[PDB]
Structure formats: structure tokens, C-alpha cells
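S.K.: My questions will all concern the structure given below.
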Amino acid sequence: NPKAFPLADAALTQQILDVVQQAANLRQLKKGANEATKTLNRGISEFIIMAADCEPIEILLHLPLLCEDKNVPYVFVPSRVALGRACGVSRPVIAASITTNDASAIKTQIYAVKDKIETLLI
Amino acid sequence: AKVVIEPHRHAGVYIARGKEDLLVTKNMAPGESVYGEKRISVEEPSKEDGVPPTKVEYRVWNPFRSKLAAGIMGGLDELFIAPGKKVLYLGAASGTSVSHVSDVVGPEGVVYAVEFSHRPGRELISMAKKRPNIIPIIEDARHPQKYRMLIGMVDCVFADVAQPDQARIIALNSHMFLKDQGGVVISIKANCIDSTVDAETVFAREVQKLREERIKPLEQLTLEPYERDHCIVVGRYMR
Amino acid sequence: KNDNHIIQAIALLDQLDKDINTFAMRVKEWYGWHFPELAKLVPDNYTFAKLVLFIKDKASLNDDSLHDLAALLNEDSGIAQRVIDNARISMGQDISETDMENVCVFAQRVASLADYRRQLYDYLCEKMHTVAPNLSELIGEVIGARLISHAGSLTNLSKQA
Amino acid sequence: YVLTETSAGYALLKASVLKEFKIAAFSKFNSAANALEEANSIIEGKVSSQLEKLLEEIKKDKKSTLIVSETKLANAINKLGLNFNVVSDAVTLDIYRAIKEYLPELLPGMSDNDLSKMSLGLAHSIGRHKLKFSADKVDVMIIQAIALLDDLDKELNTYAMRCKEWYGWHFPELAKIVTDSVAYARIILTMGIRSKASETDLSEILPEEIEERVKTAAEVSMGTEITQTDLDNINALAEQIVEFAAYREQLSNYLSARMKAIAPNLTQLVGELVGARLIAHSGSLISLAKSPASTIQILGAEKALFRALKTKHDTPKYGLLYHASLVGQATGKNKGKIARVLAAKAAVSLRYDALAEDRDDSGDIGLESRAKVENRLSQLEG
RNA sequence: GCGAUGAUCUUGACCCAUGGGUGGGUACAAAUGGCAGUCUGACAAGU
């Protein structure tokens with residue numbers, strides 16, 4: 001997909017899926033484009049994770065536009081099987097949202113990953 | 001009671017007073033929904049034959065949507081934007097602020113909307129069908145020789161680019177279409193260029209390249225924190 | 001026997017006018033899309049609806065070659081010369097024909113409804129002269145038939161004091 | 001020596017460097033199709049017709065040292081058989097900046113007013129060709145027409161009630177038998193009075209069991225008899241009613257091609273009127289694709305859902321999906337989950353039809369989506 | 001060359017030293033007018 005940008009390299013992919021994994025352990029995660037869309041409407045999302053191998057792609061091309069509207073970080077990941085795997089789900093999930101928690105213990109990891117995304121978007 | 005709207009220190013730039021402190025320009029194509037704005041109808045009381053005196057319509061305009069409104073509300077006396085001038089509006093990026101440029105340039109100016117992408121041009125053409133003074137083009141702005149045919153020549157240049165090569169991008173354009181002793185208004189977003197470092201060195205190297213391409217910045221300032229990490233530059237090319 | 005049918009005629013006529021204006025705003029919008037100059041030039045519904053109806057083209061609508069301004073209006077009219085002037089300075093939208101044919105249906109509705117209000121007006125003045133000549137001598141057809149529509153009948157109006 | 005590149009033709013400037021702010025030669029192009037291909041020509045670096053004619057006419061005294069602005073046109077003229085010495089030096093030149101300054105003054109019959117208008121209308125058409133669609137991206141006419149169709153039903157109902165009322169004087173006993181307004185109208189439009197009863201006009205309209213009640217009722221109805229003029233108004237208005245009843249079907253036929261054209265998967269799933277009420281009640285397709293499927297399921301009856309949110313009571317589980325035949329086929333205990341499936345795939349078909357890939361390809365994926373709906377439909381009934 | 005076959009008089013409301021300002025009904029158009037932030041979110045079925 002020529003439209004798949006920005007996309008995460010493998011080390012930052014392992015980092016991001018680790019942060020998603022721990023947020024799923026810390027109950028800090030939304031699955032599906034519906035729940036991520038609703039958290040974008042609530043303004044309570046830290047950042048957005050999207051799968052780049054999702055066929056078709058038109059079900060989630062609006063989410064970069066809305067994240068550009070709300071100034072919300074987002075980087076594509078090239079796998080959806082790993083993306084649903086890090087959600088603790090035995091299915092490929094293509095969309096995830098990180099809910100806001102200022103009392104979270106992995107919030108420094110969230111600020112580091114958001115530093116990576118704000119590095120990649122500029 | 002009603003408000004009264006009196007001009008600021010520029011032409012076409014009008015300020016509301018006093019229970020509403022808002023920056024407005026002249027409306028010239030009413031009935032629009034750019035973002036769901038409201039409009040203000042003011043008039044001068046006069047007794048004449050026939051029709052009543054004209055309600056000169058003004059549209060509200062925010063510094064939270066444009067850096068140009070912030071540069072005037074920060075206190076400004078010199079500006080190359082006035083009714084009657086021809087302006088080059090570099091980039092549009094939504095198509096919404098193009099109508100504000102068309103309102104502040106009056107009915108006598110021509111707004112040339114430059115775009116290099118497919119997606120926001122769909123709003124540019126539908127905005128252009130309503131306002132019969134905006135010329136939208138989807139062209140490559142890096143090469144002025146590839147779109148010299150469609151455009152004539154401008155009186156001043158507004159740059160809304162925030163790219164790390166923007167001093168190249170304006171230059172072949174300013175060598176082409178901008179006159180001698182014409183005016184440049186460049187919106188520079190400091191964190192959009194590089195964010196690993198402070199902004200003052202960026203400001204020094206960019207004003208140094210403005211010295212290189214013969215730009216005279218008459219005043220450069222941090223705006224005030226209505227916007228974050230931005231400086232607007234009002235200069236004159238070949239003064 | 002025209003104590004109730006004339007009330008049907010006048011209230012039905014008001015229904016005809018309110019229904020004419022509804023499509024008329026729609027067609028003036030539609031031709032506002034294609035050729036924005038003539039829709040602001042002619043505020044009429046019927047003739048302007050025929051002007052949309054015969055041609056559908058904003059580059060060939062003239063007073064001669066082709067004649068749409070010599071058919072009902074004359075070419076020596078100040079409207080027609082402004083159609084010649086506005087036909088040169090057109091900047092509107094180029095749309096397909098299938099979209100225009102639905103509005104040709106609308107102009108056929110305009111000519112239809114216009115015919116029925118004409119026939120209804122002629123029947124109205126005719127039967128008003130028939131059943132009540134003297135009130136038509138005094139206050140005409142429309143006001144008298146309106147007051148019959150208030151009383152419901154000539155007998156109820158004959159009882160009011 | 002100087003080639004001028006503009007949308008009014010091509011000009012050679014020697015002002016006959018020895019220049020006096022005049023022109024040596026000009027070769028004129030002016031139309032929409034000419035300036036369209038010229039706008040293609042500056043992008044492609046393409047040699048135009050008057051460029052070749054301008055190389056052909058003037059020669060040997062003003063073209064031995066030709067200076068062109070584009071590097072692309074220098075190689076095309078460099079391969080010409082006339083053997084010109086062509087460079088591209090000093091493009092950024094005050095003379096080359098000044099050829100556009102005297103541009104109304106060096107071209108006869110032109111000024112600064114028509115140049116912005118011709119460049120404007122050229123910018124509309126090249127905006128149509130670059131964005132491969134219209135200049136407004138029009139879809140609102142369906143939204144207007146579906147607002148007009150219910151007006152056709154209400155006005156046609158009104159006139160049907162009217163002609164019912166001022167037909168009831170002559171023949172009162174028809175509304176108790178014939179209640180359908182079209183079958184009410186066509187009987188009078190063919191027959192007229194009750195004293196001219198025949199067989200064929202009843203046979204083309206009604207079943208026989210209704211026709212016998214029509215005839216025996218026509219025997220026993222002893223309503224008023226009056227002159228032929230009122231009857232002519234009855235046949236006029238009945239012709240009008242059947243006329244409009246055909247017209248609303250013509251409007252549905254207009255909505256057929258537009259709905260199949262613009263939203264093919266939405267046409268496949270729910271057809272025309274349902275998705276027309278979806279886009280109409282939302283306002284636009286592009287904001288509705290931004291709306292999630294939870295908003296799509298609850299679309300319609302905003303006061304009922306907002307009442308259910310204020311009271312914190314039972315939410316209405318019926319929006320505009322309340323009228324779907326596959327949804328209305330299911331029992332209410334199983335209806336909402338199937339409506340959740342249909343709104344779920346329906347959001348997917350909206351994000352199909354919104355992003356300009358199925359408008360040009362006419363849709364192939366909602367065919368599979370209907371099968372996926374019907375599979376779960378079979379499974380939930382088991 | 002006046003009328004009970006209605007003569008006669010009154011329900012446009014306020015104010016200012018012909019002129020000028022409010023009040024109410026109809027139609028059209030528009031809403032930084034009303035929408036806590038326009039539903040909850042992974043299990044279910046069978047043996």
C-alpha cells in the first residue's frame with residue numbers, strides 16, 4: 001500500500017506492542033475502529049495504533065484525518081495478527097486506542113513512544 | 001443595542017467594539033458555511049430616497065484559525081495586504097482560510113490558491129464556485145516554470161509553508177512573480193521545522209537566508225502565546 | 001348547487017399556488033447551478049420555466065439561432081438583450097442531460113399547474129357570475145366567494161347579521 | 001530572441017540585447033480547449049502548435065540565438081532541422097519578468113479583466129480534470145429529491161382528498177367501496193357519470209367482485225346530477241392526479257440511476273430509499289463515514305434517544321433501520337442483533353463508497369457482505 | 001333638498017415640540033438557541 005505511512009520499523013514495533021501489551025495488562029486499551037473513533041470523539045486517547053496489512057484499507061483511512069484534526073499521535077504497524085496478539089486476542093485486530101491515564105506507571109513509556117511518533121510525524 | 005465596528009491600522013482589517021472584541025473582514029459572498037461561522041450585519045444610519053443604506057456585512061475571524069489575525073491583534077501597523085493588491089497564497093491545507101484571504105483582499109484582489117495535493121483541492125474548487133475571485137491550481141510549487149502560464153504577477157506574497165526547504169520554495173517564485181520592492185509575509189512555525197533544539201538558532205539561520213535572498217525583515221517577533229512556537233516575518237523583497 | 005364546489009375551487013386554487021411556488025424555488029435553484037445569471041434576471045416562474053424547458057444549454061440560448069426569445073417574448077425586449085449579454089459572460093456548471101430531464105419534468109408540472117389554475121379561474125368567474133351575479137357586481141368574485149367559504153353556504157351567509 | 005509562455009498564444013520578442021519593450025511577433029491561441037492543452041503543455045514541457053508555427057514563420061534574423069525559459073523546450077528546438085542555437089541562460093531576468101508587465105499592452109484586444117476570467121474558467125476545468133470529477137462533487141440533489149418525493153405524496157394525497165370531496169356529491173357511494181385514490185380517479189376519468197357504465201374500463205382497473213359492487217352500487221346511488229363543465233373539471237383534475245402519480249415514479253426512476261451510480265454497495269445492501277434517508281438525515285456521506293457504526297445504528301429519533309439518556313431508561317433500539325424488510329422480517333428478540341450486523345457491515349460499505357474507489361469501480365464487495373449477513377441471519381434463526 | 005329601508009356616536013394601542021419612535025398577527029431566511037462527550041463493548045452457540 002502506497003498509502004501506508006507512517007509505518008513502524010521492527011524495533012519500535014516491538015516497543016509499541018510491548019506498551020500495548022502492558023496497557024492491556026493495565027486495562028488501558030481500546031480495540032476496533034469503533035472504540036478508537038469514540039475515544040477520538042471524547043478526546044481521551046493518548047495515541048492510536050493501526051494495522052497496515054488490513055485489507056481493505058478504506059475502513060480506516062479517515063482515522064489519520066481525524067487524528068490530524070485532534071492532534072493525536074498515530075503510526076501504522078505492518079501486522080494485524082501481531083496487533084491482535086498483543087491485545088491478548090486470538091484474532092487479528094487492526095485498530096487500537098491508548099486511553100488517557102495520568103496515574104499510570106508505564107506513562108513514561110507512553111511519553112517515550114509519543115516522542116518516537118512526534119519524531120516520525122515531523 | 002448593537003455593536004459598532006471600526007477599522008484597525010490596516011485597510012480591510014476591521015475590529016469590533018466594545019462588548020465584542022473580535023476581528024472581522026468584509027463579506028463579499030454571503031450564505032456560506034466554511035466552518036459554520038456567524039455573520040455580523042452593520043450599517044450607517046441614513047435617510048435617503050428609495051432603498052435603505054447598505055448593511056455592510058462583516059464575517060468573524062479568529063487568531064485561533066489564522067496566524068494573520070494573530071499578527072494584527074499582536075499590534076501591527078505595516079502590512080502589504082490591502083484591498084486592490086494581488087497576493088500569492090502559498091498552500092491552503094484545508095481551503096477554509098482562503099475565503100478569509102479573499103475577504104481581506106477585497107473585491108479588487110485576486111487570490112491564487114497553490115496546492116500540491118489532491119485531497120484539500122476538493123474543498124478549494126467548491127469554495128471557488130461560490131467566490132468568483134479565487135483561482136485554485138493544483139501545481140508543483142517547486143518549479144515556477146511549470147505554472148507560469150496560468151498566473152500573472154502578484155503585488156505581495158503570503159507564505160503558509162513550514163517546510164525545512166521553504167527558503168528554496170519561495171526563492172524561484174520570488175525571482176519569478178514578485179516585483180521589486182514588493183512585500184513578503186512568511187508564517188514560520190518553529191517546532192514544525194525541527195524539534196530537538198531551541199528556536200532562536202533556527203530564527204538566526206532563516207533570517208540569514210533572508211539576508212541571502214535579499215529579503216529585508218522590517219519586524220520579526222514572537223507573536224504572543226495565542227500560537228505556540230511561531231514567528232511571522234514582514235519584510236520587503238529588493239527594497 | 002354551487003354552494004360547496006366553489007369553496008373546493010378557491011381553496012384548491014390556493015393549494016395550486018402554494019404547490020407552484022414549491023417547485024418554482026427548486027427549478028430556480030437548479031438553473032442557479034447551471035447558469036446563475038438568468039435565474040436572477042427573470043423572477044417569473046412559468047416563462048422562465050419554459051426558458052429552462054426548451055433549451056437546457058447556456059451557450060446556445062439566444063433570441064435568434066435559436067428562437068426562445070422570439071417565441072413568447074420579443075427580441076426587441078430589454079430582457080432578451082440581457083440574455084445575449086449574460087450568455088457571453090457565463091461561468092456556471094456543466095452538468096449532464098439526465099439530471100436536466102428531471103427538471104424538464106418539473107417545467108412540465110409548471111405548465112400543467114398553470115393550465116389548471118387558468119381553467120379553474122375561468123370556471124371560478126363563470127360560476128360566480130352564474131350563482132351570484134349581484135355580489136359579483138358589488139365586491140367581485142374573489143371576496144364574495146371567500147365570504148361564502150367563511151359561511152359555508154349562501155344560506156348561512158343569509159342568516160348572519 | 002525571447003519566447004513568451006502564456007495562455008494567450010506564444011510571442012517572439014526582439015521588440016522590432018536590443019529591446020524597446022515591444023514585440024517582434026505573436027501567434028495567437030485563445031479558447032477553452034486550446035488553453036486546456038496549453039495547460040497540459042506547460043506541465044508536460046510540450047511543444048504546442050503555435051510554438052512550431054512560431055519556429056516556422058520567423059527565421060534567420062531573430063531565431064539564430066533563441067533563449068527559451070524551459071530546459072525541456074530547449075532540447076526539442078535543439079533537434080529541429082532549422083538548426084537554431086538555443087540556450088536557457090538568464091531565465092530569472094527583469095526583461096523576462098517584464099514581458100508580463102506589458103502583457104495587456106502588447107496583445108491587441110485583451111486587458112487585465114478577461115485574463116483573470118479566462119484563467120479562472122481554465123482553473124475550474126483543469127480542477128475538474130486533475131481531480132477527475134466535477135467542480136462541486138455533487139450528491140446533494142438526491143437529498144433534495146427525497147425531500148421532494150414525500151411532498152409529492154402529501155400534495156397528491158391532498159388533491160386526492162379534494163377530488164374525493166367534490167366528487168362525493170354526484171356519486172357518494174364510491175369511497176365506501178373504492179378507497180385507493182388511483183382506482184378512485186381512473187374510474188371517473190374513464191367513465192365520468194354513473195349513467196354511462198360499461199365493462200372494459202372497470203375490467204382494466206378492478207377485480208370482478210369489486211366491479212359488481214361498483215355496478216350494483218351505481219344502480220342504488222342516487223346522488224346529484226349537474227352540467228358537463230364540472231365533469232370536465234373532474235376529468236381535468238383526475239388527469240392531473242394520474243399525471244403526478246406517474247411523475248413520482250419518474251422521480252424514483254431518477255433516484256435509481258443516481259443511487260446506483262454514487263453508492264453501489266449501499267444500493268446493494270438496503271437499496272435506495274433507506275440509504276437516501278441515511279445520507280439525508282446525516283447531511284453528508286463524508287461526515288457519516290467519519291461517524292462510527294454506533295451512531296449509524298441510532299441514526300434517527302434524536303429526541304427519543306436523548307430522552308433515554310436523560311432519563312437513563314431503556315434506549316430505543318430502532319433508528320432508520322426500523323423499516324428494513326430483512327430487519328422487519330426478524331422477531332424483536334432477534335431483530336436488534338441482526339440490525340447490529342447490518343449497521344456494522346453498513347459502516348464498512350459507507351467507508352467503501354466514501355473514499356472514491358467504488359464510485360469508479362461500481363462496487364464488488366457488498367455482494368459478499370450480503371452473503372455474510374444472510375449466513376448469520378440463517379444461524380440466528382437456528 | 002338628512003335618516004329608524006339606520007340617523008347619530010365609538011375597539012389602531014402608547015409618546016414627542018405635516019414629521020418621528022415603539023406594540024401585535026402572516027410569510028421567508030438564519031441559528032458560538034436545545035444534543036452531560038451523539039449507546040455498552042467479547043462473547044455466544046452446540047455436543
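Residues in the C-alpha cells are numbered from 1 in each chain, the chains being A, B, ... in the order shown, and ligands are numbered from 1 in the order shown.
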Could you list, as a short mmCIF file (atom, residue, chain, number, x, y, z; two decimals) with C-alpha atoms, in the first residue's frame, every residue within 8 Å of residue 4 (chain A), counting only C-alpha atoms (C1' of nucleotides) and ignoring same-chain residues fewer than 3 positions away?
M.R.:
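Once written, selection-v2.cif looks like this:
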```cif
data_model
loop_
_atom_site.label_atom_id
_atom_site.label_comp_id
_atom_site.auth_asym_id
_atom_site.auth_seq_id
_atom_site.Cartn_x
_atom_site.Cartn_y
_atom_site.Cartn_z
CA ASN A 1 0.00 0.00 0.00
CA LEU A 7 4.84 2.87 9.35
CA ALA A 52 -1.01 -1.66 7.66
CA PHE A 76 0.79 2.23 11.26
#
```
S.K.: Would you list the contacts of residue 4 (chain B) as number ranges by chain, taking every protein, DNA or RNA residue within 12 Å and counting only C-alpha atoms (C1' of nucleotides), but skipping same-chain residues closer than 3 positions in sequence?
M.R.: B: 1, 7, 14-22, 24, 40-45, 56, 58
S.K.: Please indicate the distance in Å from CA of residue 151 (chain D) to CA of residue 183 (chain D), rounded to one decimal place.
M.R.: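 Atom-to-atom, CA of residue 151 (chain D) to CA of residue 183 (chain D), that is 20.9 Å.
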S.K.: Got a sec to pull out which chain A residues are within 9 Å of chain E, counting only C-alpha atoms (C1' of nucleotides), and send them as a ChimeraX atom specification?
M.R.: /A:35,41-43
S.K.: Could you work out how far CA of residue 266 (chain D) lies from CA of residue 368 (chain D), giving the answer in Å with one decimal?
M.R.: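 Value for the CA of residue 368 (chain D)-CA of residue 266 (chain D) distance: 12.8 Å.
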S.K.: Determine, counting only C-alpha atoms (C1' of nucleotides), which protein, DNA and RNA residues have an atom within 9 Å of an atom of residue 318 (chain D); residues of the same chain fewer than 4 positions away are not included. Present the result as a short mmCIF file (atom, residue, chain, number, x, y, z; two decimals) with N, CA and C atoms, in the first residue's frame.
M.R.:
```cif
data_model
loop_
_atom_site.label_atom_id
_atom_site.label_comp_id
_atom_site.auth_asym_id
_atom_site.auth_seq_id
_atom_site.Cartn_x
_atom_site.Cartn_y
_atom_site.Cartn_z
N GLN D 297 -26.36 3.06 13.83
CA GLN D 297 -27.49 2.27 14.31
C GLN D 297 -28.54 3.17 14.96
N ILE D 298 -28.10 4.23 15.64
CA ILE D 298 -29.02 5.09 16.37
C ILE D 298 -29.47 6.28 15.55
N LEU D 299 -29.18 6.30 14.24
CA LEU D 299 -29.50 7.45 13.40
C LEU D 299 -31.00 7.58 13.23
N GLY D 300 -31.53 8.73 13.63
CA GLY D 300 -32.96 8.96 13.65
C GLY D 300 -33.52 8.89 15.07
N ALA D 301 -34.60 9.67 15.27
CA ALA D 301 -35.28 9.83 16.56
C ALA D 301 -34.31 10.30 17.65
N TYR D 322 -35.52 0.69 11.27
CA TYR D 322 -36.82 0.21 11.71
C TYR D 322 -37.71 -0.21 10.54
N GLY D 336 -32.60 -6.79 16.93
CA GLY D 336 -31.57 -5.80 17.21
C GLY D 336 -30.16 -6.28 16.93
N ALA D 339 -29.74 -6.18 13.24
CA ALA D 339 -29.56 -4.78 12.89
C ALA D 339 -28.17 -4.29 13.28
#
```
